[PDB]
Structures are given as structure tokens and as C-alpha cells.
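Only one chain is given next, in C-alpha cells, and it is the form deposited in one PDB entry.
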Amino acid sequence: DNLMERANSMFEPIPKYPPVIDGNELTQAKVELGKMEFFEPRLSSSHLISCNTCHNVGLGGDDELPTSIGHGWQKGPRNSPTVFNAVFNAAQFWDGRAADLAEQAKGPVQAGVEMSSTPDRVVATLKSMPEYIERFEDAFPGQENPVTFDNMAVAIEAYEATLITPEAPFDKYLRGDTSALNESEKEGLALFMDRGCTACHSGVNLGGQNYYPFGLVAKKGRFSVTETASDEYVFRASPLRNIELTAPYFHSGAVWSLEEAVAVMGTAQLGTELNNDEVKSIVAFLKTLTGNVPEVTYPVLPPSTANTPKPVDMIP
């Protein structure tokens, strides 16, 4: 098929294994430790929050409500991106000044380990529990003092890399299964490519590789995507893979409807104008991007000890 051939020139299917990030070779011990930490709520000062709290791996890998905390964030509330397939994105979620990218931006996997809690607090918490020390020793053989903030970050990054979702219908199509998509979805695929959405949403995650001075604004009829004043603020073109599971949408999380998310992105300025039927065809296509959520065995964490820093009280 020429459609299949074109699709393969613009996109790629999720591979069986994730790409190695910054030389972080995955091992069973690192991944297991990273998983424990991903679900570990005692890294937060309140002891009520863990990565899974905002990136629920059972519900889209993201958060349902905009938030102002996490990753040492000090500004207004913003939507949370999904951890699913984040490892394939070169650009990270961005909701701010283009001028700040140079010094503050990093890969998704690395941005994920930016924390609000201080390094000393975290290390002390982890060292207070014998089992964590053993897990760090298992993950970092040969290191005399394995429990460090950097090693913690490396183990979490190892686990983040495993959160990929292969075998979506679209990936099967890319790989040759012409029947993986029905006619309605194939029409959506052709339109996605013919209307220029691929200028910003392409590659392995259909987005996630570049920043653009175009973002959602609250004026289908209630929202729109427009250029920011003086291109001062930029946003990362959203990776659309698994979009079916990641509502709400955009940097603000103001849109819950997938059809509307598609509609506001069809504009004359961007050269992506669409009529109502085409919007619906593209929606059909985007629904074929849902892959297999990885199976996760909930980790059994170790009990706190006398040396484990205690939860910090509620005082806003």
C-alpha cells in the first residue's frame, strides 16, 4: 500500500525494548528498585505523594487534574504528561518561556527525576530502611556507598524507560498488517498526513520532538490554538500516542474531548484546516494509537524505622 508506505516514512512503531538513555543499561535489579521508588510515597515531605500519584500507570500514566506541585515547580498549575513512552521523546513537556529552554530543559526521563524534596532528605529516608540499602547494593554492585541521590535517579530512570506500550493497532499496520485498521481509520491516517499535522506530530510518538510558539487558549467553539505573543512562550508538540487514555488535554488540561482537541488544531494559519467529517476521521485514526499498557506488580515497600524522617503536617 502506498498509504502504508507513506505512513512508514513519517512514523515508526514502538519497539520491544527502549533506547538506552545516557548509557543507563537496564538490569532487573535497577528496574525493580526504580519501580519501588516510583510507588514510594515517603520521598515527599508529606509522605502522601509518589510518582504514581500524578502518573497513574493504571490510568493513562498521567493525572486527571492540573497541579501546581511536583518537580520543584513554583508557578501556576499545569497539566501532567504521561510517562508512557516518554523515553522516546527528545523534547520534554514545556509550559513556559522559550528563553528558559537552554539552561532548564532536559530529556523527559531526566526531567522526571527533578524533585521538590531535598537530596539529603531523600537519601536519609532511603538509608533508614535496611531493605532499600540491599536493593541499592543489588542495583549498583561494586559501589561502597550505593545509596545516593544520583543512583536513586538512575534506578528511577531505568524504570521509566520500561514504561512503553507496544502492539497498538497502528503499529501492527505499520508492520504490515493491512487489516489492522478499518477504512474509516485509514481515511483518518491519510488526512492526518495530507492536512499537515505531521509537520509537528510525527516519528515514533506522533509528536514530542520539538517546541512551538502555539498553544491552547480559552477564547471547538470555546477554545483554539494560537501563536503566543512575540513567540515568548512555547509548548512541546504533544506526542499523540495513547491519546485515548490521556485526557485531559493540552498544557492546561482544559479540554476533555478528543474530537475538540483535534478540531482546534485545524487552522488556516497552520495550514491544517479541517471540516467536521475529517475531524471525525482523524479522531478514529488517533484511537488506533493505544498500545499495551505494561503489566505492573505493585511493589511491597519496607516499613519505616525510627530513623525514617516522619511525615510533615498539613499547613498551607
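Residues carry their position along the shown sequence, with the first being 1. Only the largest set of C-alpha atoms that superpose within 1.5 Å between the two forms is called the rigid core.
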Residues of the deposited sequence left unbuilt between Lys220 and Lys219: 10 or more
Per the PDB record, is the mean Cα temperature factor higher over 240-248 or over 175-183? 175-183
So, looking at the entry's B-factor column for Cα atoms, which has the higher mean, 285-293 or 270-278? 270-278
Max C-alpha B-factor within the set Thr67, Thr27, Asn56, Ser50 falls on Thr67
Would you mind finding, among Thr165, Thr162, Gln92, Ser224, the residue with the largest C-alpha temperature factor in the entry? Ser224
Going by the entry, which third of its chain does the Cα temperature factor of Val31 land in? lowest
According to the PDB entry, is the CA B factor of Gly208 in the bottom, middle or top third of its chain, that is, lowest, middle or highest? lowest
Taking the C-alpha B-factors as the PDB entry records them, is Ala306 in the lowest, middle or highest third of its chain? highest
For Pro81, does the deposited CA B-factor place it in the lowest, middle or highest third of the chain? lowest
CA B-factor placement of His201, once the chain's modelled residues are sorted into thirds: lowest
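As for the form deposited in another entry, it is not shown, yet the points below apply to it.
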For the core superposition between this form and the one not shown, please identify the residue among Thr272, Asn56, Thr67, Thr290 whose CA shift reaches 2 Å or more. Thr67
Establish whether a shift of 2 Å or more occurs at the C-alpha of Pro19 between this form and the one not shown, with the two forms superposed on the rigid core. yes
C-alpha of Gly112 moved at least 2 Å between this form and the one not shown on rigid core: yes
Can you tell whether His71 sits closer to or farther from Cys51 in that other deposited form than it does here, judged by CA atoms, where the change is 3 Å or more? farther
So the Cα-Cα distance between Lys310 and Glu114 shifts by 3 Å or more in that other deposited form; is it shorter or longer than what we see here? closer
